[PDB]
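These notes concern the structure reproduced below.
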Amino acid sequence: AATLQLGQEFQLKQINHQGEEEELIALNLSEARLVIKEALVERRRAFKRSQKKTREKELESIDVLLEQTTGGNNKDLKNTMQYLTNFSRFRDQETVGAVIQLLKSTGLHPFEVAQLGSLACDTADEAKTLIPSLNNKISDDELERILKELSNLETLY
Amino acid sequence: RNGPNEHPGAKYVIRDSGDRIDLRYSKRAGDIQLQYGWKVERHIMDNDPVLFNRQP
Amino acid sequence: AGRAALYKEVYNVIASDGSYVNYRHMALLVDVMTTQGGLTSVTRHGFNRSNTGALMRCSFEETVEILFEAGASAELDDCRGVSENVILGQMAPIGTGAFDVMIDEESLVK
Amino acid sequence: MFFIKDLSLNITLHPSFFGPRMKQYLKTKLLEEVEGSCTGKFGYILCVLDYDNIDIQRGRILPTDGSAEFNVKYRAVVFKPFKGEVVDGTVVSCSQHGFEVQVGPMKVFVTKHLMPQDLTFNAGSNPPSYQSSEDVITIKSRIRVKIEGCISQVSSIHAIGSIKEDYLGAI
Amino acid sequence: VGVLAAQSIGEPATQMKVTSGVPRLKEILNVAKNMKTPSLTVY
Amino acid sequence: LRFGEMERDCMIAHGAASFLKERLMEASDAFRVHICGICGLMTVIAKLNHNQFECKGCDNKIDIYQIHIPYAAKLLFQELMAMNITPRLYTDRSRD
Amino acid sequence: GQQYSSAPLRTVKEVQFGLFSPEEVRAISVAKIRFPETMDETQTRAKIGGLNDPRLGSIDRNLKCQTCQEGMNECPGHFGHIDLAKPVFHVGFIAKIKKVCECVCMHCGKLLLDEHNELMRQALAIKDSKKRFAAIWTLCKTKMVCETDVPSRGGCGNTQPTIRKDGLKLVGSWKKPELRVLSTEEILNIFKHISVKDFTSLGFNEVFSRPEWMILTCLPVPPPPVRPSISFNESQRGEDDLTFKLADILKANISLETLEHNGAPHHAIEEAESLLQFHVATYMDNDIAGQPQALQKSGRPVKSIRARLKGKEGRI
Amino acid sequence: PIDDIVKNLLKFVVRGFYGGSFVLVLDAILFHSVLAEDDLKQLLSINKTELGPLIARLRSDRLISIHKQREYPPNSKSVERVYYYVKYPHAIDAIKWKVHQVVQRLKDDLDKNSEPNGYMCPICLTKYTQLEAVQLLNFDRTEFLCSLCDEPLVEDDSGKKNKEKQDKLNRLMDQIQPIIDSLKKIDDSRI
Amino acid sequence: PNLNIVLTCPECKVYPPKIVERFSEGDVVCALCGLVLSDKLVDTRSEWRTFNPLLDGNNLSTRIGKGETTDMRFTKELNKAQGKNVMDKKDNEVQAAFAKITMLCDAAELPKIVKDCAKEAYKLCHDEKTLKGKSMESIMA
Ligand SMILES: [Zn+2]
Ligand SMILES: [Zn+2]
Ligand SMILES: [Zn+2]
Ligand SMILES: [Zn+2]
Ligand SMILES: [Zn+2]
């Protein structure tokens, strides 16, 4: 369910391919778009390297230029890019670093701060109702403050 | 093209799709052209090693 | 002394028949009969009463009894025995199949 | 949720692909099969990070057929749904049992019984829309759905959502 | 080598004071508690 | 013709395992079955017209293994299951 | 030539042999099989809920086998069950259970002697399970009285009887002499009161084998892929011997339930219980010594599974 | 006393959940502590096949225990007589556990009719849940099909059946209140 | 519910299965394009080698007689148990009626065909309402 008890591969304890221990990486729908859109750029550079020898139009055009890169078998990722972009209010990785600085300052679980940064709320009761894991783990005034700073970090693009 | 009746011939063809066409009733179709990756079952010709045994 | 005497007993019948058999085979046979201490019979009470896998022992003679005791005592089989790999119908570790064949991508550029 | 996990896959190659450039082919296959597909254990696989530092390990030859088997360990961005997870989506298809919300690559379904009493179904409109006492749920409308349960079948994942509880419904 | 030894011993068995031959081979392989001719050779 | 036990023993004497496997599978009978990860029994219902699998009694719809065993071995396993004996098969080595 | 599957292909390595638990039998089975009839009343199709219903496997190629679909050349088979109202014993375990009855108390369900005895301390150090059960059996078979206080311990004290095998039954002899026949339900209860250290000290593994599982309660029903029936000339249809044995188990089980539902003659209950025990015993192993041999209506002995796994030129 | 409240409890339960002959035998044991089998047969003038299922029913509910007493009087005949005896604690425990099972089994049926979920198929007579329903939804169709029939399904369950499970709870509580009150009265002394 | 396997040629698909069955090769093949339709053919003659629905129906039963190594006490206890379960079915009249009819037909030296026709007639009548008695002699005659 939603009681901080996920599956086996989705447990808090993860193991990388080198053999070291790593915490579960939880992403909100802000940097999750800049990471896909990010890696697709270096993927385009990798596709054009071996070849030698307003906010919606750019999104769909770049998704077409990257669709030409792939073999036309992963369009659900581009429709997912339209989903995130249509539901994203963040931009630039610097502000995202500030958001992580505000989420890690309370000392919560990565999934919890992911649900915090991925949802648009105005009061603390909204965050406590949409997130059943957060109801007494953190103060309400601090959540309202985080929503205030976030409200100052969002800008209509 | 020789047919299963003659000794230097075949019996069944196996296309790359994993499907067997019998040479019998295949002459009614007309022509059967082979491609790379198929498995044609031929008869036992010369220079074919087989195990020989006698009980017990 | 039991070992050497056993070897003499076997060798005797062979030489009596007027036949020659190499030392290797008789030595192997004698050794097998003596590797658990004492003298071990070649019977269905002489290697089906010692662990080798439930399938390997059940295949020879008394199938149902060996299987029932196996299931009762929660026995586990290693499944590298000959008869076991035969029953399951896949490659066994004998001869050609006693080693795996690999590929080295660094050798394809040679 | 959009997570990042290191996945491993066994790639099979035909003996005709044993050229010196075969590594590239591997990566090629490693894309064509992994990106876009889905797994019942890790969810919908979205992208694959780290394309240059892809480990190849050592290829092994299986007995018959002579095809080559490889074990590849890589890092990938995948999407996995969870039970009782508040997400947002847009309707695509409409039904009398409920409207089908589209959340990323997953098409969640919302049962009519899992809806409030004021939300009624309207078929006389084109397209048929769910009209309530204040909000009108149409195809192009955005609805915040709280997923109650998820099904993790092999290469196929469907979930069930609801909007009966508070702070839900149309966006 | 075990199968080769079992054959190298079983094949001469087809051509077949103390008792010799197939009965003696049976007593040796079965490891019987009593022989047909229990004799000694006192040097 | 019958490929008896002595013939198989001769094939082992020659050291040819591939000819033995081919003679005891493709040349005779070869069956394909699915076993479950938790329990090594053949209760995995396989409806692969839509690529769907289950194993009754152990709550599995993901981890399903495919094995090629002769039909006679499947008769042995089903007779053991009819005789209250569990011939659990595992593709991994748990004893190590 | 079979249909392709998307499951990962691997070889078969470790093989574990264990007893079938009744709960696992009920979790693997799909049908209950209540009607002793073979085909339907209309002399066609299948009985649907009987000895060979579409819920199991099928032959004749044309039939599809409902619960696998596909065909007979693909159908592995499906398992039924039989829920008995009276627990029965398994032939190949009748001795072993008896030995267990000579290794544990018949009331408090605790092992005879104790860890304070020196001989038991020496016997427990053995790593082999069969030798442990053997020696511990040699010690516990002599002492016929549990005890409450042992000088350097459980209570009870009730005189342990002498268990003797007679006609697929176990009779207990008390000297005190009071001789009473040990029923299957009592032995099963005592087995339910066995602690972990007790049966694990005998050679049992909790995840694979249990003394309660040694006593048969529910019976698996194999599909026709194991016992293929024949319909020759559409009027001469032959059923296998195991099918007739399943019919006997159903008639004896339903008869015993009917006799145990209304009234209790106390003698017909034992006759029907020994009848069901005889049908299950001959179903597992027909060639049992000291017991009558079941014969078919054609004039030949009933072919059991043990006969398929015992004689030469069989399954092995 | 406390012993008489147990008798009234057995009268209310046997009289309330069984026929008349059951309280005939029950009272026949409440009058005589040791009731022989020949006395109950000549008392109610019932046959053996009619006295059988009654005693078997009163024993299956753990209400009474039997005592087969030996006899070797006059004619040296081993006359066995099954003397019935009321088992008070096991009967009270049976009543409490049966009431608990009735409440629990009547509470589960109310949660099913509180919200319809599953569906049903008239053509193949196979039931389908909401999960299989949303897993059998197609794009060219507007209704949930059926793998067996590839035809639309009908919504199973309804809110009209929820009014029946509530009346069973209210009526069951109104008919169980004196019984559970007698149980709470007897359980004070643990007799 | 369906469960009817119909073999068709996906390459021909021009007519219902007008196929030929090769028993020596164990296959079934379309007689047009020559494409095989199924491999590994089962037999009905081979399963019949080891071995009456018209009269006995679908009922099954097995005899219990004495064994090679057994006691006479167990043989009687098993037969007395079947003697208490013989009332579960009203088919005792068919075996006794066919036994006495067998004795009369064997006494009249009539062929087996008349015996089977008479047994079939008595099975058609059996125990109906319009019979209403006749003391078992008149229905046999
Ligand atoms: Zn399983
Ligand atoms: Zn099937
Ligand atoms: Zn004791
Ligand atoms: Zn249907
Ligand atoms: Zn055709």
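Residue numbering restarts at 1 in every chain; chains get A, B, ... in the order shown in the structure tokens, and ligands count up from 1 in that same order.
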
Sorted by chain and rising residue number, which residues of chain G lie within 12 Å of chain D, and what are their closest atom pairs and distances in Å to one decimal, counting only C-alpha atoms, as JSON lines?
{"residue": "G:6", "atom": "CA", "partner": "D:154", "partner_atom": "CA", "distance": 9.9}
{"residue": "G:7", "atom": "CA", "partner": "D:154", "partner_atom": "CA", "distance": 9.9}
{"residue": "G:8", "atom": "CA", "partner": "D:10", "partner_atom": "CA", "distance": 9.9}
{"residue": "G:9", "atom": "CA", "partner": "D:62", "partner_atom": "CA", "distance": 11.2}
{"residue": "G:10", "atom": "CA", "partner": "D:62", "partner_atom": "CA", "distance": 10.6}
{"residue": "G:11", "atom": "CA", "partner": "D:62", "partner_atom": "CA", "distance": 11.1}

Got time to write the residues from that selection, N, CA and C atoms, as a PDB file, in the first residue's frame?
ATOM      1  N   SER G   6       7.294 -17.459 -23.691  1.00  0.00           N
ATOM      2  CA  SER G   6       8.151 -16.333 -23.345  1.00  0.00           C
ATOM      3  C   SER G   6       8.862 -16.513 -22.009  1.00  0.00           C
ATOM      4  N   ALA G   7       8.663 -17.641 -21.334  1.00  0.00           N
ATOM      5  CA  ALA G   7       9.316 -17.866 -20.057  1.00  0.00           C
ATOM      6  C   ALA G   7      10.810 -18.119 -20.260  1.00  0.00           C
ATOM      7  N   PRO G   8      11.646 -17.716 -19.300  1.00  0.00           N
ATOM      8  CA  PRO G   8      13.090 -17.945 -19.439  1.00  0.00           C
ATOM      9  C   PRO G   8      13.416 -19.432 -19.401  1.00  0.00           C
ATOM     10  N   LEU G   9      14.261 -19.863 -20.332  1.00  0.00           N
ATOM     11  CA  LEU G   9      14.641 -21.265 -20.453  1.00  0.00           C
ATOM     12  C   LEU G   9      15.897 -21.527 -19.631  1.00  0.00           C
ATOM     13  N   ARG G  10      15.811 -22.485 -18.708  1.00  0.00           N
ATOM     14  CA  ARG G  10      16.938 -22.872 -17.873  1.00  0.00           C
ATOM     15  C   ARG G  10      16.953 -24.386 -17.729  1.00  0.00           C
ATOM     16  N   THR G  11      18.083 -24.904 -17.259  1.00  0.00           N
ATOM     17  CA  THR G  11      18.215 -26.328 -17.004  1.00  0.00           C
ATOM     18  C   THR G  11      17.688 -26.669 -15.611  1.00  0.00           C
TER      19      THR G  11
END

9 Å contact set for region 180-191 of chain H, only C-alpha atoms, chain neighbours under 6 positions out, as a ChimeraX atom specification: /H:2-3,5-6,8-9,88-89,92,95-96,99

Please produce a file of the residues just selected, as a compact mmCIF listing (two decimals), in the first residue's frame, where the atoms kept are C-alpha atoms.
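Full text of selection-v7.txt as output:
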# COMPACT_ATOMS: atom_id res chain seq x y z
CA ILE H 2 -25.54 -19.94 38.68
CA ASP H 3 -26.23 -23.58 37.74
CA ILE H 5 -28.94 -19.94 34.59
CA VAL H 6 -26.92 -22.47 32.58
CA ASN H 8 -32.12 -21.71 31.14
CA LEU H 9 -29.34 -20.91 28.66
CA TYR H 88 -22.05 -27.29 31.04
CA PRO H 89 -18.69 -25.59 30.28
CA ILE H 92 -21.46 -22.62 27.14
CA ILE H 95 -22.78 -21.14 22.52
CA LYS H 96 -20.33 -18.25 22.87
CA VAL H 99 -22.64 -16.57 18.55

Pull out every residue of chain F that has at least one atom within 12 Å of chain D, counting only C-alpha atoms, and report them as a ChimeraX atom specification. /F:17-19,21-22,26,48,50-54,60-64

Around ligand 2, out to 8 Å and counting only C-alpha atoms and all ligand atoms, which residues are there? I want them as a list in words.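 Here is the list of contacting residues: residues 45 of chain F; 55, 56, 57, 58, 64, 65, 66, 67, 68, 69, 70, 71, 72, 74, 75, 76, 77 and 78 of chain G.
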
Take the residues just selected and output them with N, CA, C and O atoms as a PDB file, in the first residue's frame.
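Final output, saved to again.pdb:
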ATOM      1  N   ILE F  45      -0.295 -22.882 -14.322  1.00  0.00           N
ATOM      2  CA  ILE F  45      -1.244 -22.729 -15.418  1.00  0.00           C
ATOM      3  C   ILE F  45      -0.661 -21.761 -16.438  1.00  0.00           C
ATOM      4  O   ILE F  45      -0.344 -20.610 -16.115  1.00  0.00           O
TER       5      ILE F  45
ATOM      6  N   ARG G  55     -11.992 -30.336 -16.050  1.00  0.00           N
ATOM      7  CA  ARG G  55     -11.117 -29.620 -15.128  1.00  0.00           C
ATOM      8  C   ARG G  55      -9.755 -30.283 -14.980  1.00  0.00           C
ATOM      9  O   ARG G  55      -8.847 -29.668 -14.413  1.00  0.00           O
ATOM     10  N   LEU G  56      -9.600 -31.516 -15.445  1.00  0.00           N
ATOM     11  CA  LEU G  56      -8.311 -32.179 -15.485  1.00  0.00           C
ATOM     12  C   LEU G  56      -7.769 -32.106 -16.915  1.00  0.00           C
ATOM     13  O   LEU G  56      -8.196 -31.261 -17.711  1.00  0.00           O
ATOM     14  N   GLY G  57      -6.829 -32.988 -17.250  1.00  0.00           N
ATOM     15  CA  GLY G  57      -6.354 -33.075 -18.613  1.00  0.00           C
ATOM     16  C   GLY G  57      -7.272 -33.916 -19.483  1.00  0.00           C
ATOM     17  O   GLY G  57      -8.208 -34.561 -19.011  1.00  0.00           O
ATOM     18  N   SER G  58      -6.990 -33.903 -20.782  1.00  0.00           N
ATOM     19  CA  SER G  58      -7.801 -34.637 -21.742  1.00  0.00           C
ATOM     20  C   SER G  58      -6.916 -35.183 -22.852  1.00  0.00           C
ATOM     21  O   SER G  58      -5.775 -34.755 -23.038  1.00  0.00           O
ATOM     22  N   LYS G  64     -10.022 -29.798 -25.682  1.00  0.00           N
ATOM     23  CA  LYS G  64      -9.129 -28.674 -25.447  1.00  0.00           C
ATOM     24  C   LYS G  64      -8.597 -28.585 -24.023  1.00  0.00           C
ATOM     25  O   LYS G  64      -7.680 -27.793 -23.779  1.00  0.00           O
ATOM     26  N   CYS G  65      -9.128 -29.375 -23.086  1.00  0.00           N
ATOM     27  CA  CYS G  65      -8.717 -29.321 -21.684  1.00  0.00           C
ATOM     28  C   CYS G  65      -8.966 -27.928 -21.113  1.00  0.00           C
ATOM     29  O   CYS G  65      -8.112 -27.042 -21.224  1.00  0.00           O
ATOM     30  N   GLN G  66     -10.127 -27.753 -20.470  1.00  0.00           N
ATOM     31  CA  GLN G  66     -10.663 -26.423 -20.179  1.00  0.00           C
ATOM     32  C   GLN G  66      -9.663 -25.502 -19.499  1.00  0.00           C
ATOM     33  O   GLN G  66      -9.578 -24.317 -19.828  1.00  0.00           O
ATOM     34  N   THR G  67      -8.933 -26.006 -18.518  1.00  0.00           N
ATOM     35  CA  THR G  67      -8.233 -25.098 -17.629  1.00  0.00           C
ATOM     36  C   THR G  67      -6.801 -24.799 -18.072  1.00  0.00           C
ATOM     37  O   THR G  67      -6.233 -23.790 -17.630  1.00  0.00           O
ATOM     38  N   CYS G  68      -6.223 -25.610 -18.966  1.00  0.00           N
ATOM     39  CA  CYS G  68      -5.032 -25.197 -19.709  1.00  0.00           C
ATOM     40  C   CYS G  68      -5.364 -24.594 -21.067  1.00  0.00           C
ATOM     41  O   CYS G  68      -4.587 -23.778 -21.580  1.00  0.00           O
ATOM     42  N   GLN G  69      -6.496 -24.976 -21.650  1.00  0.00           N
ATOM     43  CA  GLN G  69      -6.802 -24.761 -23.075  1.00  0.00           C
ATOM     44  C   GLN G  69      -5.695 -25.469 -23.865  1.00  0.00           C
ATOM     45  O   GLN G  69      -5.219 -26.527 -23.428  1.00  0.00           O
ATOM     46  N   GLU G  70      -5.277 -24.930 -25.004  1.00  0.00           N
ATOM     47  CA  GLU G  70      -4.209 -25.512 -25.837  1.00  0.00           C
ATOM     48  C   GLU G  70      -4.672 -26.904 -26.284  1.00  0.00           C
ATOM     49  O   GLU G  70      -5.848 -27.075 -26.643  1.00  0.00           O
ATOM     50  N   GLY G  71      -3.794 -27.908 -26.279  1.00  0.00           N
ATOM     51  CA  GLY G  71      -4.148 -29.242 -26.720  1.00  0.00           C
ATOM     52  C   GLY G  71      -3.542 -30.300 -25.822  1.00  0.00           C
ATOM     53  O   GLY G  71      -2.867 -29.994 -24.837  1.00  0.00           O
ATOM     54  N   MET G  72      -3.796 -31.563 -26.184  1.00  0.00           N
ATOM     55  CA  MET G  72      -3.291 -32.674 -25.385  1.00  0.00           C
ATOM     56  C   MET G  72      -1.788 -32.854 -25.548  1.00  0.00           C
ATOM     57  O   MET G  72      -1.112 -33.284 -24.607  1.00  0.00           O
ATOM     58  N   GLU G  74       0.195 -30.536 -25.605  1.00  0.00           N
ATOM     59  CA  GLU G  74       0.766 -29.481 -24.781  1.00  0.00           C
ATOM     60  C   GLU G  74       0.338 -29.560 -23.325  1.00  0.00           C
ATOM     61  O   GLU G  74       1.079 -29.103 -22.453  1.00  0.00           O
ATOM     62  N   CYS G  75      -0.822 -30.134 -23.043  1.00  0.00           N
ATOM     63  CA  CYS G  75      -1.352 -30.129 -21.686  1.00  0.00           C
ATOM     64  C   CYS G  75      -0.480 -30.946 -20.744  1.00  0.00           C
ATOM     65  O   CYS G  75      -0.380 -32.170 -20.918  1.00  0.00           O
ATOM     66  N   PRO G  76       0.148 -30.335 -19.740  1.00  0.00           N
ATOM     67  CA  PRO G  76       0.836 -31.141 -18.723  1.00  0.00           C
ATOM     68  C   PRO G  76      -0.135 -31.948 -17.894  1.00  0.00           C
ATOM     69  O   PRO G  76       0.224 -33.018 -17.388  1.00  0.00           O
ATOM     70  N   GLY G  77      -1.360 -31.476 -17.758  1.00  0.00           N
ATOM     71  CA  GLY G  77      -2.323 -32.068 -16.858  1.00  0.00           C
ATOM     72  C   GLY G  77      -2.701 -31.112 -15.744  1.00  0.00           C
ATOM     73  O   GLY G  77      -2.098 -30.058 -15.540  1.00  0.00           O
ATOM     74  N   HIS G  78      -3.730 -31.515 -15.016  1.00  0.00           N
ATOM     75  CA  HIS G  78      -4.255 -30.728 -13.920  1.00  0.00           C
ATOM     76  C   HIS G  78      -4.619 -31.695 -12.805  1.00  0.00           C
ATOM     77  O   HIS G  78      -4.933 -32.858 -13.063  1.00  0.00           O
TER      78      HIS G  78
END

Residues within 10 Å of ligand 4 (only C-alpha atoms and all ligand atoms), as a PyMOL selection string? (chain H and resi 120-128+145-153) or (chain I and resi 1)

When the cut-off is 10 Å and you count only C-alpha atoms and all ligand atoms, which residues lie near ligand 1, shown as an mmCIF file with C-alpha atoms, in the first residue's frame?
data_model
loop_
_atom_site.group_PDB
_atom_site.id
_atom_site.type_symbol
_atom_site.label_atom_id
_atom_site.label_comp_id
_atom_site.auth_asym_id
_atom_site.auth_seq_id
_atom_site.Cartn_x
_atom_site.Cartn_y
_atom_site.Cartn_z
ATOM 1 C CA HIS F 34 6.752 -24.486 -16.674
ATOM 2 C CA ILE F 35 7.739 -24.640 -13.001
ATOM 3 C CA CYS F 36 7.333 -22.054 -10.257
ATOM 4 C CA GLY F 37 10.043 -20.225 -8.344
ATOM 5 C CA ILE F 38 8.771 -20.783 -4.810
ATOM 6 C CA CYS F 39 7.606 -24.388 -5.285
ATOM 7 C CA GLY F 40 9.219 -26.611 -7.903
ATOM 8 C CA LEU F 41 5.998 -28.305 -9.007
ATOM 9 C CA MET F 42 4.122 -28.242 -12.316
ATOM 10 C CA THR F 43 1.072 -26.304 -11.105
ATOM 11 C CA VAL F 44 1.887 -23.299 -13.330
ATOM 12 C CA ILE F 45 -1.244 -22.729 -15.418
ATOM 13 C CA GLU F 54 -0.046 -18.557 -12.758
ATOM 14 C CA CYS F 55 0.933 -21.117 -10.156
ATOM 15 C CA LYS F 56 -1.928 -22.252 -7.950
ATOM 16 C CA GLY F 57 -1.361 -22.246 -4.207
ATOM 17 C CA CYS F 58 1.732 -20.041 -3.942
ATOM 18 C CA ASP F 59 0.665 -16.591 -5.231
ATOM 19 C CA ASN F 60 2.978 -16.239 -8.241
ATOM 20 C CA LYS F 61 2.296 -14.527 -11.568
ATOM 21 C CA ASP F 63 8.608 -15.721 -11.725
ATOM 22 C CA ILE F 64 7.859 -18.702 -13.983
ATOM 23 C CA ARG F 88 10.374 -30.128 -6.571
ATOM 24 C CA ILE G 28 -2.691 -27.384 -6.075
#

DSSP says strand (DSSP E or B) for which residues of region 6-191 of chain H? Put them as a ChimeraX atom specification? /H:35,64-69,81-86,119-120,127-128,154-155

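Counting only C-alpha atoms, residue 103 (chain A) has the following residues at most 9 Å away, ignoring those fewer than 2 positions along the same chain: residues 98, 99, 100, 101, 105, 106, 107, 108, 110, 113, 114, 116, 117 and 146 of chain A.
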